[PDB]
Amino acid sequence: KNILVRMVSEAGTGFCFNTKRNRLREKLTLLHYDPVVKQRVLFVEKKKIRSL
Amino acid sequence: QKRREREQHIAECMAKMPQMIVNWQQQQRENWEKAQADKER
Amino acid sequence: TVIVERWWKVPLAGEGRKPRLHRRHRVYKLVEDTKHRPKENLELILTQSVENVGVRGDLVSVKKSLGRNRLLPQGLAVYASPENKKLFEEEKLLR
Amino acid sequence: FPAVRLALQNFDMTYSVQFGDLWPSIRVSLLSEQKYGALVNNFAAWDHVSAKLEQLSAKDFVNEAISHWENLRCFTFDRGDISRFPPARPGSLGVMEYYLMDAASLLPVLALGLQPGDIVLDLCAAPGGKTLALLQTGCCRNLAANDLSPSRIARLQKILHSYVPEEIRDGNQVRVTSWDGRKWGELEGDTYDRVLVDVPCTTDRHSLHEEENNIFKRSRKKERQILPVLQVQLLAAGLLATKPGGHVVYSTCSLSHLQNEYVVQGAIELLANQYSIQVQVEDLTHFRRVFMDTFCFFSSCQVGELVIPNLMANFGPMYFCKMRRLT
Amino acid sequence: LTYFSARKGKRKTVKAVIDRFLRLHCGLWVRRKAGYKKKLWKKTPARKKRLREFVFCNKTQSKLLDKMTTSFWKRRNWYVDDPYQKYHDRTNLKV
Amino acid sequence: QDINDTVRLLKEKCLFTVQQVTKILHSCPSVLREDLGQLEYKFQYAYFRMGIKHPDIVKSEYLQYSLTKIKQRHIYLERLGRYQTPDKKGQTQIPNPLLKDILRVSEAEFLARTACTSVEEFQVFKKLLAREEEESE
RNA sequence: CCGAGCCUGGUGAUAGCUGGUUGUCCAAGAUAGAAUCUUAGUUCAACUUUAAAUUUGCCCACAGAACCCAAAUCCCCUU
RNA sequence: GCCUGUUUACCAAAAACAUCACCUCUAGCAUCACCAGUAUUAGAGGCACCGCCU
RNA sequence: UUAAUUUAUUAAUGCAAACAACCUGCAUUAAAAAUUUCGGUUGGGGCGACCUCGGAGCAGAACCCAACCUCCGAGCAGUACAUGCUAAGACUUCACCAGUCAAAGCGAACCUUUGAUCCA
Ligand SMILES: [Mg+2]
Ligand SMILES: [Mg+2]
Ligand SMILES: [Mg+2]
Ligand SMILES: [Mg+2]
Ligand SMILES: [Mg+2]
Ligand SMILES: [Mg+2]
Ligand SMILES: [Mg+2]
Ligand SMILES: [Mg+2]
Ligand SMILES: [Mg+2]
Ligand SMILES: [Mg+2]
Ligand SMILES: [Mg+2]
Ligand SMILES: [Mg+2]
């Protein structure tokens, strides 16, 4: 199944956004727009929010 | 103090950011190249 | 002692008025039972030599059970009141 | 009355008579856990995954079978061993390294005799398993798979996205339709060279496992009763679609002699009278001896091969019959 | 609601209304959209934008809320930096 | 307290007569060592799932045997179909094998006469049942 | 007058149920969707009544409204 | 249905309830019942006198 | 009663409290109880099935509708991680709740199946 995860910005900001990834799939690292920084920055998966 | 701590941490991370992005993209591309190499066998 | 607390807050009564209690104000939760508190010690001044405690005129922290059951009832010790402390201080300085 | 208990009652009243003294062993094997084989994805790092499984101590029973029988690689543990396979994970190439599937749901594929450059049909087989096994056979073979159920077709699409790469999946090499197998005989005829007809069955093990949509529930009595007619019609349609001299494999996940031998015999009769087409049942006794090490087979079955579940190898049930259309 | 309280004889306010709706003095009621904080990960950006909005109530909804609140909640409030100060009055309205 | 609660579990929550309790204690005092809860589970396994009654549970020292062994043999028999839980009427289609034939005998005769199966199959079933119990708990 | 006595009180219990609801005269006044532990009820809508503000409202001739492959309906210049 | 008895005062007197007989379970004991008793006792439940064949 | 909620009370234990008895408090397990409920559709009952949403029949030509009913599938999957932010004007499952579309603008790049409030 899929799990909702909290991608947390690697830019030092507290900005986090939620994505969906397969449980069997590896932890996610993804480029995403940082509104506070106003630039695309890397985000890393921190913790599993739920299992959907 | 909290505001300046946030500002300096953001500045440091921004300084590291382009290198990190380039390294991550290079890692993705090299993983793809390894996949094609495995396809070649 | 059982110490209880209202679940439901009582509305303020005022200055000279008395609070008006309703059915919901009789619902209590036990916040503590004092009997389950850790035991403390009683301060006493000895009057006669007693084994493993002291000799005479020395302030001693004894278990409340011993102080109230053996020392005080038998006269072997007296309460560490300011008056008793002063009297035994005068005894010490007169010896 | 749970449908699981109803299925147990029916199996006790029928398969006991069918199997005599082997019924207790079959019953305990069914009621115990199922042994899963690991079919490596030919579209991934097959050598690396095979080495990993061999480290996990599984052996490719398929590998040391074709030598005597005469690309598929399914690793299964030795007899008696109950070790589980690690859950499948995406590979380096971006596809799932292996599929954890019933090893018995692979003998129909290996018995169909997939020759290079042969057109392949999956008449109704759309739960995965056999379909993915057929796909992971060669890069020069065209296959079309059909099933009435849109949900099962979507399940096929999901597993194909997981295992088959986009390059192979998008091309005409794979053709996924959702029409009716019964009307397939009129949609096409004498078109396919190798056909696999995995009719809906009582799926005895899953019937005893899962209460949901159990075929033995009181609601689905009509479906369970019309199952023989549907199976005969589907097998006849497959024999019609296959070319003269072509090969079909009738497959079932049931122990029922009714659904195993009477189905093929009635299909032969109906398609030789209503259509005057002759079909010959090919022997698979060599197949039985080849795979005796990995599976336990019921010998009293006159036509076809029945892999029965055993505690040593809890791989059944699986009945498969190879049929060559002589006309 | 309570039309005549047992202690004062006054009409009472349904506090569920106060916890949920803002009354603009002209007679408009503002509210949030239901589900605006629920399962945002499965909602489209347009739907989320619609849900994040402050929304006016019907005439009949407004009448119901007016009945369910007392006149205290319908007074002029001159808050210091009220974000709704401009919205408290209607302009260029014909009938 | 341990002895008293064992006896009280045997009498109240298990409905054993005083004489039956004395007989159990006399035959196998390991019951006292065995913890509560586990003992109740063993007794209810004998009573409900196995369909055994107090006189038989006392006669054949069922409480002496280990719960793991009891389940290993009983579930094997049941899945083989040679053992059937008695119905609401307390009847079965086929008479069940006796508790002496199930638990008292060794594995050899147990698999040769009662189960009529193979030792290898029994070992595989035992490992499978161990996995099932571990996963359940 | 006991599947749970009798009396008093809480008590003017509660009743989406039944029954009843008293001068004269005039006027406007009709079947209708949704939700509901809901279909013996209710709330919203529709209709209805009163008062008020304002300007268009109804009818409709053309023109116009889909491919797959009938009767009519919608819409609105005039009138 | 063993029997004599009992029961729905006011539509049922019975095959129902009780009953001797038997069985099962519980209890090792004092100053308010049981009981001023003590296992041949006491309390509870079942069954149906009895007698035979297994 | 193997419906839900309790264990105030007794009875056992356990831990504290008072120095074994007795007693207080807090727990756990029981006994005895106590309080409360009985969704909807289908001549009734048994066994059912269904209850929300979406697609098709089922409505020939705006909409709405043949409820009851027939078949199918969804409680998602894949993709992207601007698949962002804002904002005129509109639609709407005949109420509301909810649900849709969207110009212009800003910013990055250069989409195809459900559930409110409270409470955490
Ligand atoms: Mg005052
Ligand atoms: Mg009277
Ligand atoms: Mg009244
Ligand atoms: Mg009139
Ligand atoms: Mg409700
Ligand atoms: Mg009603
Ligand atoms: Mg008589
Ligand atoms: Mg008489
Ligand atoms: Mg009478
Ligand atoms: Mg009479
Ligand atoms: Mg429809
Ligand atoms: Mg609308």
# chains A, B, ... in the order shown; residues from 1 in each chain; ligands from 1
call {"tool": "select_by_dssp", "arguments": {"residues": "chain C", "states": "alpha helix (DSSP H)", "output": "ChimeraX atom specification"}}
result
/C:64-66,82-94
call {"tool": "interface_residues", "arguments": {"of": "chain A", "to": "chain E", "cutoff": "9 Å", "atoms": "only C-alpha atoms", "output": "ChimeraX atom specification"}}
result
/A:4,18-20
call {"tool": "atom_distance", "arguments": {"atom1": "atom CA of residue C:58", "atom2": "atom CA of residue C:94"}}
result
15.3 Å
call {"tool": "residues_near_ligand", "arguments": {"ligand": "ligand 9", "cutoff": "8 Å", "atoms": "only C-alpha atoms (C1' of nucleotides) and all ligand atoms", "output": "list in words"}}
result
residues 8, 9, 10, 11 and 12 of chain H
call {"tool": "residues_around", "arguments": {"residues": "stretch 24-32 of chain F", "least_positions_apart": "5", "cutoff": "8 Å", "atoms": "only C-alpha atoms (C1' of nucleotides)", "output": "ChimeraX atom specification"}}
result
/F:2-3,6,39,58,61,63-64
call {"tool": "write_last_selection", "arguments": {"atoms": "N, CA and C atoms", "output": "PDB file, in the first residue's frame"}}
result
ATOM      1  N   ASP F   2      -0.228 -18.186  46.273  1.00  0.00           N
ATOM      2  CA  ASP F   2      -0.113 -18.912  45.012  1.00  0.00           C
ATOM      3  C   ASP F   2      -0.919 -20.205  45.049  1.00  0.00           C
ATOM      4  N   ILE F   3      -0.769 -20.982  46.120  1.00  0.00           N
ATOM      5  CA  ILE F   3      -1.517 -22.234  46.207  1.00  0.00           C
ATOM      6  C   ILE F   3      -3.015 -21.953  46.228  1.00  0.00           C
ATOM      7  N   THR F   6      -4.317 -20.841  42.787  1.00  0.00           N
ATOM      8  CA  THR F   6      -4.403 -21.995  41.897  1.00  0.00           C
ATOM      9  C   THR F   6      -5.645 -22.823  42.203  1.00  0.00           C
ATOM     10  N   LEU F  39      -2.961 -21.612  32.860  1.00  0.00           N
ATOM     11  CA  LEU F  39      -3.737 -22.762  33.306  1.00  0.00           C
ATOM     12  C   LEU F  39      -5.185 -22.660  32.851  1.00  0.00           C
ATOM     13  N   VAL F  58      -9.626 -34.945  34.433  1.00  0.00           N
ATOM     14  CA  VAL F  58      -8.982 -35.423  35.650  1.00  0.00           C
ATOM     15  C   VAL F  58      -8.415 -36.821  35.448  1.00  0.00           C
ATOM     16  N   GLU F  61      -4.361 -37.118  32.784  1.00  0.00           N
ATOM     17  CA  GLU F  61      -3.816 -35.925  33.417  1.00  0.00           C
ATOM     18  C   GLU F  61      -3.509 -34.863  32.374  1.00  0.00           C
ATOM     19  N   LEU F  63      -3.916 -31.620  32.472  1.00  0.00           N
ATOM     20  CA  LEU F  63      -3.238 -30.446  33.003  1.00  0.00           C
ATOM     21  C   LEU F  63      -1.749 -30.678  33.208  1.00  0.00           C
ATOM     22  N   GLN F  64      -1.311 -31.934  33.266  1.00  0.00           N
ATOM     23  CA  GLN F  64       0.115 -32.207  33.402  1.00  0.00           C
ATOM     24  C   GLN F  64       0.865 -31.873  32.118  1.00  0.00           C
TER      25      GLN F  64
END
call {"tool": "closest_residue", "arguments": {"among": "C:79, C:7, C:84, C:16", "to": "ligand 1", "atoms": "only C-alpha atoms and all ligand atoms"}}
result
C:16
call {"tool": "residues_around", "arguments": {"residues": "residue E:86", "least_positions_apart": "4", "cutoff": "12 Å", "atoms": "only C-alpha atoms (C1' of nucleotides)", "output": "list in words"}}
result
residues 24, 25, 26, 78, 79, 81, 82, 90 and 91 of chain E
call {"tool": "residues_near_ligand", "arguments": {"ligand": "ligand 2", "cutoff": "9 Å", "atoms": "only C-alpha atoms (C1' of nucleotides) and all ligand atoms", "output": "PyMOL selection string"}}
result
chain G and resi 1-2+5-6
call {"tool": "write_last_selection", "arguments": {"atoms": "C-alpha atoms (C1' of nucleotides)", "output": "PDB file, in the first residue's frame"}}
result
ATOM      1  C1'   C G   1     -58.352  -4.284  39.722  1.00  0.00           C
ATOM      2  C1'   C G   2     -50.039  -7.796  41.463  1.00  0.00           C
ATOM      3  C1'   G G   5     -49.298  -3.336  46.355  1.00  0.00           C
ATOM      4  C1'   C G   6     -51.284   1.227  47.974  1.00  0.00           C
TER       5        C G   6
END
call {"tool": "residues_near_ligand", "arguments": {"ligand": "ligand 1", "cutoff": "9 Å", "atoms": "only C-alpha atoms (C1' of nucleotides) and all ligand atoms", "output": "list in words"}}
result
residues 13, 14 and 15 of chain C
call {"tool": "decode", "arguments": {"residues": "stretch 58-95 of chain E", "atoms": "N, CA, C and O atoms", "output": "compact mmCIF listing (two decimals), in the first residue's frame"}}
result
# COMPACT_ATOMS: atom_id res chain seq x y z
N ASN E 58 -26.56 32.63 4.45
CA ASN E 58 -27.85 32.96 3.84
C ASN E 58 -28.59 34.02 4.64
O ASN E 58 -28.22 34.37 5.75
N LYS E 59 -29.68 34.50 4.05
CA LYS E 59 -30.62 35.32 4.82
C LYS E 59 -31.25 34.51 5.95
O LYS E 59 -31.34 34.98 7.08
N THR E 60 -31.70 33.29 5.65
CA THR E 60 -32.35 32.50 6.69
C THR E 60 -31.34 31.99 7.71
O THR E 60 -31.64 31.93 8.91
N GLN E 61 -30.14 31.62 7.26
CA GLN E 61 -29.09 31.27 8.20
C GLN E 61 -28.75 32.45 9.10
O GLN E 61 -28.59 32.29 10.31
N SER E 62 -28.66 33.64 8.52
CA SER E 62 -28.37 34.83 9.30
C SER E 62 -29.49 35.12 10.29
O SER E 62 -29.23 35.52 11.43
N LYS E 63 -30.74 34.94 9.87
CA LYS E 63 -31.87 35.15 10.77
C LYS E 63 -31.83 34.16 11.93
O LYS E 63 -32.09 34.53 13.08
N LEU E 64 -31.51 32.90 11.63
CA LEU E 64 -31.38 31.90 12.68
C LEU E 64 -30.28 32.27 13.66
O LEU E 64 -30.47 32.18 14.88
N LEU E 65 -29.13 32.69 13.15
CA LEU E 65 -28.03 33.07 14.03
C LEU E 65 -28.39 34.30 14.86
O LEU E 65 -28.02 34.40 16.04
N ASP E 66 -29.12 35.24 14.26
CA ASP E 66 -29.56 36.42 15.00
C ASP E 66 -30.49 36.03 16.13
O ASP E 66 -30.42 36.59 17.22
N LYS E 67 -31.39 35.08 15.88
CA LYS E 67 -32.27 34.60 16.94
C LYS E 67 -31.48 33.87 18.02
O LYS E 67 -31.82 33.95 19.20
N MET E 68 -30.44 33.15 17.63
CA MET E 68 -29.69 32.34 18.57
C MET E 68 -28.66 33.14 19.36
O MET E 68 -28.09 32.60 20.32
N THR E 69 -28.38 34.37 18.98
CA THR E 69 -27.53 35.24 19.78
C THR E 69 -28.34 36.40 20.35
O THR E 69 -29.39 36.77 19.82
N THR E 70 -27.85 36.97 21.44
CA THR E 70 -28.51 38.10 22.05
C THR E 70 -27.93 39.41 21.52
O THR E 70 -26.98 39.42 20.74
N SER E 71 -28.52 40.53 21.94
CA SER E 71 -28.16 41.83 21.39
C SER E 71 -26.73 42.22 21.71
O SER E 71 -26.19 43.12 21.05
N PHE E 72 -26.11 41.60 22.71
CA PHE E 72 -24.72 41.93 23.03
C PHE E 72 -23.81 41.64 21.86
O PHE E 72 -22.86 42.39 21.60
N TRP E 73 -24.06 40.55 21.15
CA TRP E 73 -23.21 40.15 20.04
C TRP E 73 -23.50 40.93 18.77
O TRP E 73 -22.84 40.69 17.76
N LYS E 74 -24.46 41.84 18.82
CA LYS E 74 -24.90 42.58 17.65
C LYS E 74 -24.62 44.07 17.79
O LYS E 74 -25.24 44.88 17.10
N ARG E 75 -23.69 44.44 18.65
CA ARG E 75 -23.36 45.82 18.95
C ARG E 75 -22.16 46.28 18.13
O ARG E 75 -21.48 45.49 17.48
N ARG E 76 -21.91 47.59 18.17
CA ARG E 76 -20.72 48.15 17.54
C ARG E 76 -19.52 47.90 18.44
O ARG E 76 -19.50 48.32 19.59
N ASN E 77 -18.51 47.23 17.90
CA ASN E 77 -17.27 47.00 18.61
C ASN E 77 -16.17 47.75 17.89
O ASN E 77 -15.94 47.55 16.69
N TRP E 78 -15.50 48.64 18.61
CA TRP E 78 -14.42 49.44 18.05
C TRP E 78 -13.06 48.87 18.46
O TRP E 78 -12.29 49.48 19.18
N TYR E 79 -12.78 47.66 17.98
CA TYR E 79 -11.52 47.02 18.29
C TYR E 79 -10.37 47.78 17.65
O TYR E 79 -10.54 48.51 16.67
N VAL E 80 -9.18 47.60 18.22
CA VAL E 80 -8.03 48.42 17.84
C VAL E 80 -7.66 48.18 16.39
O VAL E 80 -7.68 49.10 15.56
N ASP E 81 -7.30 46.95 16.05
CA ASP E 81 -6.86 46.63 14.70
C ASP E 81 -7.70 45.50 14.13
O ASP E 81 -7.17 44.52 13.61
N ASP E 82 -9.02 45.64 14.23
CA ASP E 82 -9.93 44.62 13.74
C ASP E 82 -9.74 44.43 12.24
O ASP E 82 -9.87 45.39 11.48
N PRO E 83 -9.43 43.22 11.78
CA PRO E 83 -9.34 42.98 10.34
C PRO E 83 -10.66 43.14 9.62
O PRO E 83 -10.66 43.33 8.39
N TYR E 84 -11.78 43.08 10.33
CA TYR E 84 -13.11 43.16 9.73
C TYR E 84 -13.74 44.53 9.88
O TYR E 84 -14.94 44.68 9.64
N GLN E 85 -12.96 45.53 10.27
CA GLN E 85 -13.51 46.86 10.48
C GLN E 85 -14.12 47.41 9.20
O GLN E 85 -15.20 48.01 9.24
N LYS E 86 -13.45 47.22 8.07
CA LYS E 86 -14.00 47.69 6.81
C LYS E 86 -15.22 46.88 6.39
O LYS E 86 -16.14 47.43 5.77
N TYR E 87 -15.26 45.60 6.73
CA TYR E 87 -16.38 44.75 6.37
C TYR E 87 -17.58 44.93 7.28
O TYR E 87 -18.65 44.40 6.97
N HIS E 88 -17.44 45.66 8.38
CA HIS E 88 -18.57 45.83 9.29
C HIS E 88 -19.70 46.66 8.70
O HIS E 88 -20.79 46.68 9.29
N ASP E 89 -19.48 47.34 7.58
CA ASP E 89 -20.52 48.18 6.99
C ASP E 89 -20.63 47.94 5.49
O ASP E 89 -19.66 47.55 4.83
N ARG E 90 -21.83 48.18 4.97
CA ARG E 90 -22.13 48.00 3.56
C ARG E 90 -22.10 49.34 2.85
O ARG E 90 -22.46 50.37 3.42
N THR E 91 -21.66 49.32 1.60
CA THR E 91 -21.51 50.53 0.82
C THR E 91 -22.08 50.31 -0.57
O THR E 91 -21.91 49.23 -1.15
N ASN E 92 -22.76 51.33 -1.10
CA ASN E 92 -23.28 51.31 -2.46
C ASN E 92 -24.26 50.16 -2.67
O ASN E 92 -24.26 49.50 -3.72
N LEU E 93 -25.10 49.90 -1.68
CA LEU E 93 -26.06 48.82 -1.73
C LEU E 93 -27.43 49.38 -2.09
O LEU E 93 -27.92 50.30 -1.42
N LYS E 94 -28.04 48.84 -3.13
CA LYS E 94 -29.37 49.25 -3.57
C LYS E 94 -30.35 48.15 -3.21
O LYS E 94 -30.36 47.09 -3.84
N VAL E 95 -31.18 48.42 -2.20
CA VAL E 95 -32.22 47.50 -1.77
C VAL E 95 -31.65 46.14 -1.41
O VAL E 95 -31.41 45.85 -0.24
